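K.L.:
2 protein chains.
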Amino acid sequence: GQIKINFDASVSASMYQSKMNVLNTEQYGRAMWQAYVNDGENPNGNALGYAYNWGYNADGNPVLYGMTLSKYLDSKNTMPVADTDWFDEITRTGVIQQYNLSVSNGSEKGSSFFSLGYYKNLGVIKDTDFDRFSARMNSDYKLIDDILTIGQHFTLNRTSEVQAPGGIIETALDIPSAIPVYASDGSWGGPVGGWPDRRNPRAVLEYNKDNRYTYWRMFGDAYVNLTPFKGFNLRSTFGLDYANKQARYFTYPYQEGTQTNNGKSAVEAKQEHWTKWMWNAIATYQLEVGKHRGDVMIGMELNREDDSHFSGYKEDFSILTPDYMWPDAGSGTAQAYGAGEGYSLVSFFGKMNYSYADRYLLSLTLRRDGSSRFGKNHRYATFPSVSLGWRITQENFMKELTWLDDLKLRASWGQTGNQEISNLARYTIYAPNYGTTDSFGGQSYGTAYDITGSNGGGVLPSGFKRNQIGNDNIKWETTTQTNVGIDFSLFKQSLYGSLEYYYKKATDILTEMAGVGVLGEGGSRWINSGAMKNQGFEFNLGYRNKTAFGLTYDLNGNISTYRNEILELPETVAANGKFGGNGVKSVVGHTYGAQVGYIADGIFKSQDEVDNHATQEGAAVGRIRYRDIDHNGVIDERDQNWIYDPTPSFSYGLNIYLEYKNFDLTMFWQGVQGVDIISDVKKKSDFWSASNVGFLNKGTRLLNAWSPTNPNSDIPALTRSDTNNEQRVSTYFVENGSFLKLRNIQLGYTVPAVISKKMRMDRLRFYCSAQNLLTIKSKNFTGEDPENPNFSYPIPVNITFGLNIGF
Amino acid sequence: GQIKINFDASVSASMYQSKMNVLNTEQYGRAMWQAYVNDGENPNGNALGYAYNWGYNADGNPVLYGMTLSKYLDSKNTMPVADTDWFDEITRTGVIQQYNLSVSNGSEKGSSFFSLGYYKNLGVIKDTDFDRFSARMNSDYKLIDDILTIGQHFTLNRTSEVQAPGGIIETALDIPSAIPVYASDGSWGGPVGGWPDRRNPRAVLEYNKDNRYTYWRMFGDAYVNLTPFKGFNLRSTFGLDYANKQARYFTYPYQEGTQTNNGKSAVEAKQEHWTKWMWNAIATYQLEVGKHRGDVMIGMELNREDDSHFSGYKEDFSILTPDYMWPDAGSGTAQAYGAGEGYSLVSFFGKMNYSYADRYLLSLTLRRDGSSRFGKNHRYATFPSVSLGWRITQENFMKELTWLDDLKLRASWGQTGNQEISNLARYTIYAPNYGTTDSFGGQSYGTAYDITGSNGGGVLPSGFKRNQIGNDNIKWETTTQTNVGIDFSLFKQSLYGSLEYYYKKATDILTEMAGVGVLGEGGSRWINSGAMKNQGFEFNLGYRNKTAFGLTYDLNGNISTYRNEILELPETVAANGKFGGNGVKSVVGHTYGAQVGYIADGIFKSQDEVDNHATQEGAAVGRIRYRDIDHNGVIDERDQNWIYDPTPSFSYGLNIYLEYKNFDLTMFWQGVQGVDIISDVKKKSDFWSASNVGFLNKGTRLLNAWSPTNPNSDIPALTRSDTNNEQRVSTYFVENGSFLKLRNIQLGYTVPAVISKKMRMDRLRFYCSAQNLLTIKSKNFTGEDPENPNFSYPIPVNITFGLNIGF
Ligand SMILES: [Mg+2]
Ligand SMILES: [Mg+2]
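Protein chains in written order, with full-length UniProt numbering: chain U, 235 to 1041; chain Y, 235 to 1041.
1. Once DSSP output is grouped into helix, strand and coil, what is the label at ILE626 (chain Y)?
2. Report yes if the C-beta distance between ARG872 (chain Y) and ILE833 (chain Y) is below 8 Å; otherwise report no.
3. Opposite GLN251 (chain U) in the DSSP bridges: which residues?
4. Measure the beta-carbon distance from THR953 (chain Y) to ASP273 (chain Y) and round it to whole angstroms, keeping in mind my assumption that it falls under 8 Å.
5. Taking 8 Å as the CB-CB limit, is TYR476 (chain Y) close to chain U?
6. Report the rounded CA-to-CA distance for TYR270 (chain U) versus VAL415 (chain U), giving the unit in angstroms.
7. Secondary structure at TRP940 (chain Y), three-state DSSP: helix, strand or coil?
8. With a threshold of 7 Å (Cβ to nearest heavy atom), would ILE863 (chain U) be considered close to ligand 1?
9. Jot down the residue ranges of each uninterrupted beta strand (DSSP E) in the stretch 743-797 of chain Y, minimum 3 residues, whole runs only, in chain order.
10. Considering only residues of the same chain and omitting the five flanking positions on each side of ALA924 (chain U), which have a CB-CB separation below 7 Å?
11. Quickly, what does DSSP pair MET301 (chain U) with across the bridge? List them, please.
12. Does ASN287 (chain U) pass the burial test, meaning 16 or more other C-beta atoms within 10 Å, or should it be called exposed?
13. So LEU643 (chain Y) packs on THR627 (chain Y), CB below 8 Å; how close in whole Å?
14. Looking at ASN442 (chain U) and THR518 (chain U), is the spacing between their C-beta atoms short of 8 Å?
15. Tell me whether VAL818 (chain Y) counts as near ligand 2, meaning its Cβ is closer than 7 Å to at least one heavy atom of that ligand.
16. Name, please, each residue of chain U whose Cβ falls closer than 8 Å to the Cβ of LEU390 (chain Y).
17. Measuring only between beta-carbons, confirm whether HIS526 (chain U) sits less than 8 Å from chain Y.
18. Just to confirm my understanding: we take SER578 (chain Y), look at its own chain, exclude 5 residues before and 5 after, and list those with CB closer than 6 Å. What are they?
19. Among U:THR461, U:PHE722, U:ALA645 and U:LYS610, which residue has its Cα nearest to the Cα of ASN705 (chain U)?
20. Could you name the residues of the same chain whose beta carbon sits closer than 8 Å to that of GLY817 (chain U), not counting the 5 residues immediately before and after it, in chain order?
21. Would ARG994 (chain U) be called buried (16 or more neighbouring beta carbons within 10 Å of its own) or exposed?
22. Here's a check: name, in chain order, each residue in its chain whose Cβ is nearer than 7 Å to the Cβ of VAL523 (chain Y), leaving out the five neighbours to either side.
23. Take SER941 (chain Y) as the anchor and find which of Y:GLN520, Y:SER840, Y:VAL752 and Y:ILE912 has the nearest alpha-carbon.
24. Under a three-way DSSP split, which group does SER565 (chain U) fall into?
25. Under a CB-based cut-off of 8 Å, is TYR375 (chain Y) close to chain B?
26. Considering only the alpha carbon of each residue, which of Y:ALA987, Y:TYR777, Y:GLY719 and Y:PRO399 lies closest to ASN889 (chain Y)?
27. Under DSSP, the beta strand (DSSP E) around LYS504 (chain Y) begins and ends at which residues?
28. Return the residue from the list Y:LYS464, Y:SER373 and Y:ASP363 that minimises the CA-CA distance to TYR447 (chain Y).
29. CB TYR375 (chain U) to CB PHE348 (chain Y), shorter than 8 Å?
30. Report the neighbours of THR567 (chain Y) on chain U: residues whose CB is nearer than 7 Å to its CB, in chain order.
31. Ignore the nearest five residues each way along the sequence and tell me which others in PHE838 (chain Y)'s own chain have a CB closer than 6 Å to its CB.
32. Tell me which residues share the same chain as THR825 (chain U) and place their Cβ nearer than 8 Å to its Cβ, disregarding the 5 neighbours each side in the sequence.
33. Verify the CB distance criterion: does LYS479 (chain Y) have a CB-CB separation below 8 Å to chain U?
34. Is there a Cβ of chain U sitting closer than 8 Å to that of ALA809 (chain Y), yes or no?
35. 8 Å is my cut-off, CB to CB: does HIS507 (chain U) come that close to chain Y?
36. Check whether chain U comes within 8 Å of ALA247 (chain Y), counting only Cβ atoms and requiring the distance to be less than that.
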């Protein structure tokens, strides 16, 4: 019988703390010089306009005395030489702001709830942004007071956003610092001459800045609940989730140095729809007879989702503005795209709960799930569970232990299914694919051909191509799971804890698996392939207690270990290497994702060390010496072994909570100890040449590369050629990825009601919080963030200020 | 403090009662014969396969003895001769079904409402249908009990429909009965040879049957209401109306006799969006001092609507099914379409109500409206009103008249604005229009041209074309309105009535007005053009009374008259004829839509009657004699006068309501007396040749056309040529369109609560209703429905059965 009102608001800041340091224009000039003289080549013959003052020292070893650079990169003086920091140029402080206002009404014969919210992100990446209006409104109505009840939930979201382009950050670390942001006039800068065929990342963002989608989503449900006698309940629910995304993606002409669009201009008007509806019926019966308590429940749930998308594309526009650029206004050619897919799910289920004397618990569970992603012959799968419970401390013989409030012992066994696969997983798919979609450097795989020799100017004849081969025998991936647990609490709920042991084993694992080469186009197949096992230990422990000095602490920890192992694999998949082993060793009996590769044994420091080692092709002074695993006297494809295991030795987490003088302080720490990580980062930071495209910007670790002048370094000598195949899977790319970081720290003041209800307001609280602030890494880790070792940039820190006023 | 529940359900039937009777295969054969011999032509030389046995009578006049027809229409025997009734073939009984379930909850501190509804129409036209799911959910919350209130309304509709093709019915009355529905095998029938180039209407529906749109609409509003002291109120409202329509329109190959697609196949995936948001603030203050009562109110309202549509079109599909036919799967050419438009409205307003002694009322009103459809120089317009009231019977001197409960006298004066015009009304619009949209028989008006002589096979150069000429001086259409009223009630509310008099005059009327020919492409202009006046009389009268014999009657009538007149018109518009006068006389001083034309003076019955009449070109025996209005001795373009006025002499309406033994009977009658109507219907019913396309099916009135054998008939002699220009605007097409019809009759039983609350249900009512059942027309009207004289088909009757159970 109340009416309650909450209002929450906050503003957040997001700032990139660090990044992979990449070479500046002089360091880039120094590095290329070193890679030149390391190869006995005239460094003054470079294609990039650097002029080097150098010579030989007293021991006859290249030393760089000085270097000059043109004012402009090109003879025509349209592009000036720069020292651009591209990462700082395309990033900025993100700012987030949220406001939520809620109201609820409690009444004898019903209830109703209402929320309005707003959320605006100006992303850390320039020319991006995001906003979400939201409204939720729910209610219930007690007819036939307490035997027939009707209700509803509903929410409604409008979202609009300009997403960044994929890989925008990495391409900013890739483009050299000599290229300026702006040309000699005010146009967008770019590469001239031999500089990399990579466009201006800032200019790419500006050209992206108008590509904004508008996303509308509603989802709710309506239900009736019939209670015909004391313990019985019939409930039916109908659900609906309809969203639609709309956007225009604008293509504008560009011509920035050698980069060019010709004069292309186009617009694509994209539309997407997703409608998902759900229905269930459920019958539950509870009953209590002195000691015995029992609950039964049966149900059913039909699910459907229908998807569809489609677009219109058209080229050539007189006026390069969003106002002008609609398909009606284009004068060049047009393409029309679009398709749809869908899936349906039937679900039958039941449960049975029983408890003798709040001392012995037992629960049973049974579920048939059916899914249109399989043929009739595997459409349904049935999954049971048994869960068992013994509350020791309730037992009579446990009377004597007063320092033990609870000691529960649970043991479970259950199966669940995996079904997340393509909606066409089971089909051999032939698509017409005439060749109307963009694609890079070729690779249309179009079926249209000028069979007459016309040279075009019309509809070509065309046909069909294969996208995948079907599977008449594709079935559910089944996971059988077993865990036994011991949770407890001692003293007077001051020392709570739990010790669990789980053993999950997956069977008939589902993967889209590619095909063999000679089978050719569209050989990919959706298959059930082998079995995995994952068993481990979890052990959470807590300590909560006040100090009677004004302080409450509540310290909650968690440490876990797990080991993982593949058990069976079709012979073809094991040599393929999908699950690990890199195509040289089968990963059966090893952990999922473990890798075989060469072992990097340092750097040859003398020619004698080259001759004194098994013969290997690129072996030379300054190169990486790779180990002769089998001792045959040559380094070839067999000189590989297991060199990477993703299994951490353990993973932990500790949560500190303090209340004192109405202040409150919270810290969330999470750690991972003794874990291999594997990365390509080092191919950009440690090599001038470990890359298919030349003259890209590289990391700053290069300037400590190996040299006669610099003889005791892990980093191989700079070179313009990867003759030694140092891009080979090797321990050079495996690093100690152990870490410990503060996910969140947060301090808040709760305003005492003596002063807050001043304002006819119950609660009023201010909080300040910070995410991803601190990280402690291994010394021999050389990346940015060990938890995400593939990235050359970290997660940005967030500072937030907020209030939770509450009437 | 309640909880209330209504449930309404009904099923309706819709059946076309009558239609313009069109010729059957023999009547069509008879008619063409008559038109042949009437022209002294060998009727056996027709191009349609009829063979006629005929000759001359005793007086030497053609008489048809018999006629035969092939078994098949074509020499190759693929199309059999038929007597198809096409109207019966493409129509059926429509059935409608609605179900609505509502629940509301009233509580001290708030309220909430919830409705679910369903509506399914299988239309009277085959291969059409329509359905609407709907959910409404509203609620309010009394914070700061009765000074600060928060609320919300929201509704949500999903609609899906296959619309009929435009003019499907008329084309079924147009295609001759000799063409069969099915070919000799099971394919779709069509015309062969000389038969009209019109496709099979049934086959058109089947090809349309999969073109289904899916329409989602939500609209609601959220408001806060602040009442700071006793009479004051601040209210703000935010509103939102977002709908989106989605569809695929399928083009399938056809080849039915001479009708052909070649082998065309295509799909168009169309998308539309309409988002409309609204915001207002309003401040109201009420105050009462003994006799004086006064109310003031000020406010503001911003409005915006943004629209956008776009599609993708693609030709050529291997599999002619909706499952297959998405743009991705097409192999032919593609087109991309789409655009957007929008408008915004600002609105400032105020009102002032005052009443002395519930004897004298006065209200004032002021509103500035601004609209982005005008330039800054006419953006806003200001509108006032004065309304005045005197309650006579409350006056002291009116004490003596007991047979007079009320006698109110009201008098008003106010202005409102018209603003419904194109969003680009004020612009000179150049569109690129390359020529990518379908168009009939040419008329692309594309700007693309093969300027090089290539003959195509590429993007052509192209340009811009004009759609309309702008108007720097376009302004609001203003309507000044004045009405004085006298409403009353006598005895003891048994004889209620009202007598009103209104005088609305519009100024600066807005029309898209075309341009002169020599100005050419895109000469259409949005202009303010002249003034109109519309003044009339309304007089409603009622009589309600029970009988004390178990019967209540409540009889409510209405009779109205109006006369309309144009006052000023730019000289160019008056000779144009947009508002009337057919380009021969100015309609100034006449009613809107009145027409000048020739006067049809019967039918020449002898050559002497032809010579004895002013010389007119097509004059011959059996033709229409047209009057020599000016007596110059020739019939030419001056022999015209005013021959049509749409003003009815009056229009009435009577409503009967009866309650008796819990039954209830309702009849709604509406009439229009003494009114001209004007129609083209007669060109299909009365002429073999009053049409640009030959050999179409015609009405059955032809078989009473004029002939020597049939000399006393209004209908001119059948002929293959309209030499006499009987398609000229003439009194032949003007008819007495007076009518009286029963809009609705309805009978219902209300179940007495003695038996209904049996079921814990308050009210339970059954009703049966019928729409458009009866119509009484003028004898000298020859169409189907005088109220809609352009159509050759009536409005179908609806029988409905329904219940209104109410807990
Ligand atoms: Mg070896
Ligand atoms: Mg004349």
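Where is the CB? At the ideal position from N, CA and C, for every residue including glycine.
P.N.:
To lay it out plainly:
1. Reading the second sequence from its first residue, position 392 is the one you call residue 626 (chain Y). Reduced to three states, the DSSP call for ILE626 (chain Y) is coil.
2. By 1-based counting over the second sequence, the position of residue 872 (chain Y) is 638. By 1-based counting over the second sequence, the position of residue 833 (chain Y) is 599. The answer is no: Cβ separation not under 8 Å.
3. As a working note, residue 251 (chain U) is residue 17 in the first sequence. Beta-bridge pairing links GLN251 (chain U) to no other residue.
4. Within the second sequence, numbered from 1, the residue matching residue 953 (chain Y) stands at position 719. Within the second sequence, numbered from 1, the residue matching residue 273 (chain Y) stands at position 39. Yes, they are in contact, since the Cβ atoms of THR953 (chain Y) and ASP273 (chain Y) sit about 6 Å apart, within 8 Å.
5. Within the second sequence, numbered from 1, the residue matching residue 476 (chain Y) stands at position 242. At least one chain U Cβ lies under 8 Å of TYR476 (chain Y).
6. Looking up residue 270 (chain U) in the first sequence gives position 36. Looking up residue 415 (chain U) in the first sequence gives position 181. Cα to Cα, the separation comes out at about 28 Å.
7. Counting from one through the second sequence, the residue named residue 940 (chain Y) turns up at place 706. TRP940 (chain Y): coil per DSSP, three-state reduction.
8. Looking up residue 863 (chain U) in the first sequence gives position 629. Yes.
9. 744-747, 759-762 and 765-780
10. As a working mapping, residue 924 (chain U) is identified with position 690 in the first sequence. Closer than 7 Å at Cβ, skipping near neighbours: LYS917, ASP956, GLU960 and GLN961.
11. As a first step, residue 301 (chain U) must be located in the first sequence, where it is residue number 67. Partner(s): U:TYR286.
12. Stepping through the first sequence from its first residue, residue 287 (chain U) is reached at position 53. With fewer than 16 Cβ atoms within 10 Å of its Cβ, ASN287 (chain U) is classed as exposed.
13. Translated into the one-based positions of the second sequence, residue 643 (chain Y) becomes position 409. Translated into the one-based positions of the second sequence, residue 627 (chain Y) becomes position 393. With 8 Å as the limit, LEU643 (chain Y) and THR627 (chain Y) do not qualify as a contact, their Cβ atoms being about 10 Å apart.
14. If you number the first sequence from 1, residue 518 (chain U) lands on position 284. If you number the first sequence from 1, residue 442 (chain U) lands on position 208. No, the pair does not count as a contact, with Cβ atoms beyond the cut-off.
15. Counted from its first residue, the second sequence places residue 818 (chain Y) at position 584. Every heavy atom of ligand 2 is 7 Å or more from the Cβ of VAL818 (chain Y), so no.
16. Mapped onto the second sequence, residue 390 (chain Y) falls at position 156. Within 8 Å Cβ-Cβ: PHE388 and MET452.
17. Residue numbering aside, residue 526 (chain U) sits at position 292 when the first sequence is read from its first letter. With 8 Å as the cut-off, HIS526 (chain U) does not count as an interface residue toward chain Y.
18. Working through the second sequence from its first residue, we reach residue 578 (chain Y) at position 344. Answer for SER578 (chain Y): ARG538 and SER606, listed in chain order.
19. Taking the first sequence and counting its residues from 1, one reaches residue 705 (chain U) at position 471. Among U:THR461, U:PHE722, U:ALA645 and U:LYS610, the Cα nearest to that of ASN705 (chain U) is on U:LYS610.
20. For this step, residue 817 (chain U) is matched to residue 583 along the first sequence. So the qualifying residues of the chain are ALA809, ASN810 and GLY811.
21. Residue mapping note: residue 994 (chain U) aligns to position 760 of the first sequence, counting from 1. Under this definition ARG994 (chain U) is an exposed residue.
22. Residue 523 (chain Y) sits at position 289 when you count from the first residue of the second sequence. Within the same chain, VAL523 (chain Y) has no close Cβ partners at all.
23. Residue 941 (chain Y) sits at position 707 when you count from the first residue of the second sequence. When each option's Cα is compared against that of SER941 (chain Y), the closest is Y:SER840.
24. As a first step, residue 565 (chain U) is located in the first sequence; it is residue number 331 there, counting from the start. The answer is coil: DSSP assigns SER565 (chain U) none of H, G, I, E or B.
25. No chain B appears in the structure shown, which is made up of the protein chains U and Y.
26. Here residue 889 (chain Y) is taken as the residue at index 655 of the second sequence, counted from 1. For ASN889 (chain Y), the nearest C-alpha among the options comes from Y:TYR777.
27. Working through the second sequence from its first residue, we reach residue 504 (chain Y) at position 270. Its beta strand (DSSP E) spans residues 500-523.
28. Within the second sequence, residue 447 (chain Y) is the residue found at index 213, counting from 1. Selected option, being the one with the closest Cα: Y:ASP363.
29. Counting from one through the first sequence, the residue named residue 375 (chain U) turns up at place 141. Counting from one through the second sequence, the residue named residue 348 (chain Y) turns up at place 114. Contact: yes.
30. Along the second sequence, one-based indexing puts residue 567 (chain Y) at 333. In chain order: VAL693.
31. The residue given as residue 838 (chain Y) occupies position 604 in the second sequence. Once the five neighbours on either side are set aside, the close Cβ partners of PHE838 (chain Y) are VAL844, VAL855, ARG857 and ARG859.
32. One-based indexing of the first sequence puts residue 825 (chain U) at position 591. Cβ neighbours of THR825 (chain U) beyond the five flanking positions: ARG797, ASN798, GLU799, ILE800, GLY814, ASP879, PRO880 and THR881.
33. For this step, residue 479 (chain Y) is matched to residue 245 along the second sequence. Closer than 8 Å: no.
34. Indexing the second sequence from 1 puts residue 809 (chain Y) at position 575. Not an interface residue.
35. The sequence position of residue 507 (chain U) within the first sequence is 273, counting from 1. Interface residue, yes.
36. Position 13 of the second sequence holds residue 247 (chain Y). It does not; no Cβ of chain U falls within 8 Å.
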